[PDB]
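Peer 1: turn this into a model:
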Amino acid sequence: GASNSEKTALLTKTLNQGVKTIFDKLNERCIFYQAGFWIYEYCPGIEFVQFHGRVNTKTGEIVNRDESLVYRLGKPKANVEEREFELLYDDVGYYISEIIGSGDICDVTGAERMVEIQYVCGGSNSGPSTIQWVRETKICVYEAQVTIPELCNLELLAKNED
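Peer 2: Numbering: from 1, shown residues only. Next up is the structure itself:
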């Protein structure tokens, strides 16, 4: 390895403060994204599931819930401080990885119903929170990506058009 301490200081800080800032805007209400025919709704440390329906931006709520469309993508924890996260990066920028586990074992292969969530900045100076895309990556694993303005405050997560 050949790296200085400031480099690690900001890497570590970015992971820490990024998560705390995510939780601060998500605290407001849940987020939702219509991925073609399916809708994925993520809440501030409650659960992550996919249901059919529509949303009225005016009110910010779905048409009605759905007890027949049983789905589970993963269940987070209220004690976010205890949950460990990771700081990876891509050609676009750095991001925080949130693996939401506590899923059932998929009989297909014998793997957990967890999901990988990536927190990226949307290159926006303001706004609430929204998702970009969400889909199945493995037999029992899904991948989801959100774009929020507040992550751009962290130098490493700061998009070039913040």
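Peer 1: quick one: contacts for the closest residue to residue 117 other than its chain neighbours?
Peer 2: Once flanking residues are discounted, residue 117 sits nearest to residue 98: 4.2 Å by CB to CB, 6 or more residues apart in numbering. Yep, even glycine has a C-beta here, placed from its N, CA and C like the rest. Taking CB atoms under 8 Å, 6 or more residues apart in numbering as the definition of contact, the neighbours of residue 98 are 19, 76, 83, 85, 116-119.
Peer 1: which ones among the residues you listed lie within helices?
Peer 2: residue 19 (DSSP state H).
Peer 1: how much space separates the closest residue to residue 48 other than its chain neighbours from residue 43?
Peer 2: For residue 48, ignoring the flanking residues on the chain, the nearest one in space by CB to CB, 6+ apart is residue 73 at 4.2 Å. Counting by CB to CB, to the nearest Å, the gap between residue 73 and residue 43 amounts to 12 Å.
Peer 1: which of those two has more neighbours?
Peer 2: Between residue 73 and residue 43, residue 73 has the larger neighbour count (other CB atoms under 10 Å), namely 23 against 14.
Peer 1: ok, the more buried one to residue 4 distance?
Peer 2: According to CB to CB, residue 73 stands 39 Å off from residue 4.
Peer 1: skip the chain neighbours and tell me the closest residue to residue 111.
Peer 2: With CB to CB, 6+ apart as the measure, residue 140 is the residue that lies nearest to residue 111, at 4.3 Å, once sequence neighbours are left out.
Peer 1: distance from the chain centre to stretch 62-80, please.
Peer 2: Taking CA atoms, centre = their mean, to the nearest Å, one finds the center of stretch 62-80 at 14 Å from the center of the full chain.
Peer 1: give me the buried positions along that stretch.
Peer 2: Burial within stretch 62-80, assessed by neighbour count using 16 or more other CB atoms under 10 Å, is assigned to 62, 73-76.
Peer 1: between these, which is nearest residue 128?
Peer 2: Using CB to CB, residue 62 is the member of the buried residues of stretch 62-80 that lies nearest residue 128, at 16.3 Å.
Peer 1: understood, closing this out.
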